[PDB]
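Here's the structure we're looking at; comments come further down.
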Amino acid sequence: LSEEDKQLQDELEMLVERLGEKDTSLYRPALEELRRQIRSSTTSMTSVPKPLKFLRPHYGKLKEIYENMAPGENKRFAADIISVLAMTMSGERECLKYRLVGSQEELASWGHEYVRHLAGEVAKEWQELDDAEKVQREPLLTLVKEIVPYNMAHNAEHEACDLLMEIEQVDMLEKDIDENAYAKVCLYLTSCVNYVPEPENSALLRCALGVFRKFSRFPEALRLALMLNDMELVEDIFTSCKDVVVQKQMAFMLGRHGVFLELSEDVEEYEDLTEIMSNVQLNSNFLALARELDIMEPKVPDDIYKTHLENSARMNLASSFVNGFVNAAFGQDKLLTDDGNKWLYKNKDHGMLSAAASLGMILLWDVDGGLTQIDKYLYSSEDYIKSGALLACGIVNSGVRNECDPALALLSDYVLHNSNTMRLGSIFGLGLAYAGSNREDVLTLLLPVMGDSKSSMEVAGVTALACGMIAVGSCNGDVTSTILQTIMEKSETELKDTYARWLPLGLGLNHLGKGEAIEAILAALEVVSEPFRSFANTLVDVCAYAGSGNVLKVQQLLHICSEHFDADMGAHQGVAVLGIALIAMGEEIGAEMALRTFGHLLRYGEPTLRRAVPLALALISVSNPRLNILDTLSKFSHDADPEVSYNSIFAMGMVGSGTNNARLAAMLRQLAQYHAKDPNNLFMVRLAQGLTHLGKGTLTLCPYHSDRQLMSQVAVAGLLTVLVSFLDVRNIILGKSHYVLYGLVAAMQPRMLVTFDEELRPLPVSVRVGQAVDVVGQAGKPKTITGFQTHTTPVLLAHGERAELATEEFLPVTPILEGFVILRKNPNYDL
Amino acid sequence: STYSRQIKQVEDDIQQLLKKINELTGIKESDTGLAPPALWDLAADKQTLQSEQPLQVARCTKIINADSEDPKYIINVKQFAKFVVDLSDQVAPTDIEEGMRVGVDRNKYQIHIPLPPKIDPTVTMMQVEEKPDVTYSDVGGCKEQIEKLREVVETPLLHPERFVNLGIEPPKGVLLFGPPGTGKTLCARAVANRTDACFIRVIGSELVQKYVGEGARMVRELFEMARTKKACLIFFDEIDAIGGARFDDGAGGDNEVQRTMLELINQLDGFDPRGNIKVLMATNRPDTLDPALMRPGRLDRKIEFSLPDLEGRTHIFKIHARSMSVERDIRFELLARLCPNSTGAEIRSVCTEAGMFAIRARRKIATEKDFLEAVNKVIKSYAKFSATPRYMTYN
Ligand SMILES: Nc1ncnc2c1ncn2[C@@H]1O[C@H](COP(=O)(O)OP(=O)(O)OP(=O)(O)O)[C@@H](O)[C@H]1O
Ligand SMILES: [Mg+2]
């Protein structure tokens, strides 16, 4: 028994005896001495007074002092000792109570651990309190308004965040944000938003947006509003800022995201801002990069096949697809930019459809120059060539918004053509050209095509895909109504055709990421016959919850996948398998968790169940060639089920799409050797080889940009089109409708880091590129990149690779160093 | 700390859930080489065990009456026996040749499947399957050397059409020589990274074997398995281990190693054509190599990796200090001038030691003074242990 411990044990009686005397003259000194005695051990975090823990029963003698008479000073320090003690046991409605009724002085005077426990209890009882107890939170608001600045004082900002999150009162947080902690609190709140459900999703999003707006951090505020898809808020953020350069960077971000604004002519620098937001300069910037990165030389599909190291109509069509994919958006090719008539006629039947359309891929984003090469094939007499060039028009115009619409002009006069092939090219090109535009003129021109009697089921599905791509995520009433009319007008036997599968997809594309706006749509779909009704319902529900991570919807999809059927009735199981990926793709933890579920689906599932797992893997890891998914797909590349093999090979191509991965190229070459005598598998292998070297390794199909926090709805729509069409790869892809692969054009973006001056000229700068590191939690300055290398700015960023300016000569306008970034000379540098 | 109890609760729940999942699915054993149960095609395994009979590996020795309709094949079943058998009905008579390995059944030993030639596993592992992480951009001051190497070992494989049209036979052998640390193996790694054909790395010390004639056997099998590919590259690092000049010292001085070198020479340029193999050897002692090995047709190109000049040393300094957190005004030209005859390895060590000097002083940026101290420590202080002055007499 320690002598000082024995003294504090004496205070359990002698000080209580001082509080046992009737007169109050001995009450104040003893109580004040006890209040300071608590702080005596509170000066050490690990040290706690064990004798007061024996004073817990002694509250019975002190029960009357803190309860039975005036609260001036007698109960004041008497209750605080009980509160400090209540930190030790459960403290249910106790540790809060005495601090609430007792002394109401500065909270941190009683310790950081004590106030942490008090805040936890505050949240716990705030959950308990009902509406009628609104007259019970008067002191609670004061406690939180004093706790939050205290937590921010000692770099415990994250602990502060939980407090207002639990009580659903994050609103006042913006009031107490200082300039030294706004970045950390905003980063933590944004990192939290991927897991909290509605309405706390939007609540947290708007609170962090307000914190950013208060500090004039316009680029990240615009990013955050884009995550909220609040067009009014996008407009408000864009026109609130007075800095022209910051507005230019924000315009670059909007153009990359596919969101466009109609500025007023009164706004200064309207011309250049509109050009930036319309991506008209994207082609020139990409070509300048390629010239700098000395990759302007065209690549023949032979250089990809590498048949000299290896110890037909389908072959030619696959080679044209490879030529289009490898040379995408480069404008030059040794095989079609030359006299391609011999090559183009080397293909037969619908191959001539894709091959000519492939000629539009090399001219991607180059509308002015691309149409100049389309025009020659626009006058071809053969039915396939003209419509292939028509679709190449839209492919060329895809991703760039031209003020004078060329694609609409060239494709309007062929959407009601008597030939179904000219139609087929025209709607698909129009959809690719105006994806994510919600243009009422284009939609009104396109919509009656679906209801036309001459329009075949293939044409109706193509029209649905297009109208969905124009109105992706817009919840367009007209498109929804006409798609419903087309769906319920068709006969039950007509719905057996897989092209009808595209009708819900466009409908699903209409409400992509909207969430709970499908209940009316689902009620409308209930009247549709089965098993098409289940397919349509699953498709639209998944598209509505795309990129949300809602575990409840994933549970529903897994319940759909659970009951297997001894094909015709089991079609929607593949859609559910794809939907697991479509929902889990939002955040990394969910995707890695869903990888195991995909493995289990491949293991226990039926053929139709396991024929879609490769598509789910491709969707969840597109342009992200992580070795686990690649090995999983390789294990099933030579699968007994032909459809599983085709889907696995195409998923291997999509996963490493644009990555130029050497290992994946070796695997694809080995598969080409193995599948030499199988035309379908060899065609899939050639497609995968073409995708793996997409844009000569300078393009990505990943729908997520801005540090994988912003979802590109157009990219999601294109990937969804291709992957859902791959649910019937035998009839659509390997059949006569391989042109649907050009939907990937909607998802093609350059993995870019181009630093511009304040006058938009290129500005080479030394930068560090390395794998992104999560910087949530750990305080101070933690490194956000590991295993990095120093390159000049015109460099391609792989998936998950962040870039930080190596020096401090330039300040970036936006924290996110992706795409086109404007740099400003640092005043502090060269001081 | 308020979430700690719930953190531990959910963590224990997750661990119990993972164990429960592993209970139904699998993931166990792993010492008997069992794949995860998701890959178990047990019905197909049983069907293979029944239908697919085992086949003993034998070697065909002689074909009697190959012309007629009853050709008999003498096979040597390894350590088992020797038999006179006939081909199965599912094998064409022209698919079996004398001296080739075949696979026969255990009942009548009829030849069932022609088999690839036997290759030593040590020879098989010598082929490179993971390309190195070095490109030609990581080699500075060797512009002419890299160009000469690429136009022999890479250009003919990449674009053979430019050579056949003009009746041009490109060189099929390159010897990289120079003092240690000059970049011979670095350039070889760059070649292996850029190459698309089969790349085989052979270290000369790996061709030294305990028994007589074994090294020549490994060389023969290396060139046999190199010929089973349309295009192939063999890298002979430190070829002076076995490539020494032949001599007669009374006793049997280096007779077996000389036989290995003679076998390599015979494979390179002998009675039989070598094939599409393009060999590549690197050594810091080219003066010790045999004159027959140093002859065109075996080593056609002799690329010298001499010490970098001032421009080359500046280029190497830029290469190795690219990712350095250096100051703004580092005079890399001055640093290159301060180490006249220095290999690229010394320059890399100078960069690393400058970084280490900056780190030791708890500084995040290395100044020019740090690079000067690094030059003093590496180029000057360590000059006692420099391999340069002794080895440029050999090159
Ligand atoms: N020309 C060069 N450019 C850049 N770095 C170089 C150059 N030469 C050497 N180095 C560096 O020095 C190291 C020396 O190792 P390397 O394998 O190139 O030596 P080497 O010439 O094969 O030597 P040895 O004869 O002892 O085998 C390389 O790994 C590289 O980091
Ligand atoms: Mg070496």
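Every chain in the structure tokens has a letter given in the order shown (A, B, ...), and although residue numbers restart at 1 in each chain, ligands are simply numbered from 1 in the order shown.
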*Could you find all residues in range 188-373 of chain B that DSSP calls alpha helix (DSSP H) from the backbone, and write them as a ChimeraX atom specification?*
/B:188-194,214-226,255-268,310-320,332-337,344-360,368-373
*Once you count only C-alpha atoms, which residues of chain A turn out to be within 7 Å of chain B? Could you give them as a VMD selection string?*
chain A and resid 117 120 309 to 311 603 789 to 790
*Please write out the residues within 7 Å of ligand 1 as a PyMOL selection string, counting only C-alpha atoms and all ligand atoms.*
chain B and resi 138-142+178-187+238+283-284+316+319-320+343-346+348
_Proximity to residue 261 in chain B - best of B:103, B:244, B:355, B:156, only C-alpha atoms_ = B:244
